[PDB]
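Below you will find one chain, with nothing else, as structure tokens; this is the form deposited in one PDB entry, and questions on how it binds or moves follow later.
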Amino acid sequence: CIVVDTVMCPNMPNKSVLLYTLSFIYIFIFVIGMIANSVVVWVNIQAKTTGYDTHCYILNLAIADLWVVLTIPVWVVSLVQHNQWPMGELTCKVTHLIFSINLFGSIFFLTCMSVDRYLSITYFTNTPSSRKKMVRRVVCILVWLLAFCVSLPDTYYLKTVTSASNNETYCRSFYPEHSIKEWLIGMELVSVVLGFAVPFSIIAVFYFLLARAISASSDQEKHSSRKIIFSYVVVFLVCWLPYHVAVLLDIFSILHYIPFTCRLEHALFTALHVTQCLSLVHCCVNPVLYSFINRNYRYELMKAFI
């Protein structure tokens, strides 16, 4: 009393166009991100000889964004070849480790800057410059350590495998057989809780508080703008919201909470890839928001260049 149906999924018809366009845009992300982050680091290091109290987070953030951008060429090479990995296992492990560590570090430094901007009005207002410098250095070390700790487990299990029939080599994660669902789900939770939930919550709450504090004062609100703060919050959403929505839909597909069919395969492949390209505007937009808008930075850059 069991009906054995069959379903054959054809090949992907129009994925070549998608991969072409994605690579075309990854080139621009790489070029612009590389240039912008290099300039930020250069001026941050070189502005200490003029007397500025340059900030550690905006230097570490620039370095982390630069490292992530450095691995785009590897991803493009793997992407153009229908998502195949000509390189060896060592290259895949190293690339994944570098990318993961620096991406997590970038997000964590954004959250830390959000908190520090508010504390700099309310709390770090009668604190000697030396004391606050020491506090910032300790926080930088801790954030880098935390990013590395989160990234290690995922890279541990990464292994390149050649399909026994397709004769094509891929690089994926091979978790222990006796527990794979408990691993996949688990990892996803982390990537959604320490990646979007907690960082976004802290960012939104503390930037609202900063806007309230600026509005209360008179000199501050005359000089400071309340639209750039809302720009910070909304930019984080636009970059990182659709990506996590697509990934969660993928997970619900894996757990068979949604019925399977070829349309979902196509409409989830397309969603994952398009959102992955969008989410990397993180590195392109970070300098343009925290550095290139500041009047002090623009004047300093103009002087240094000339």
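So that there is no doubt, residue numbering starts at 1 and follows the sequence shown. Between two forms, the rigid core is the largest collection of C-alphas that superpose within 1.5 Å.
Quick note: we don't show the form deposited in another entry, though the next part is all about it.
In the core-superposed comparison between this form and the one not shown, residue 209 has its Cα shifted by at least 2 Å. In this overlay on the rigid core, residue 64 has a C-alpha that sits less than 2 Å away from its partner position between this form and the one not shown.
Once both forms are fitted on their core, the CA shift for residue 239 between this form and the one not shown remains under 2 Å.
Relative to the shown form, the CA atoms of residue 191 and residue 290 are pushed 3 Å or more farther apart in the other form.
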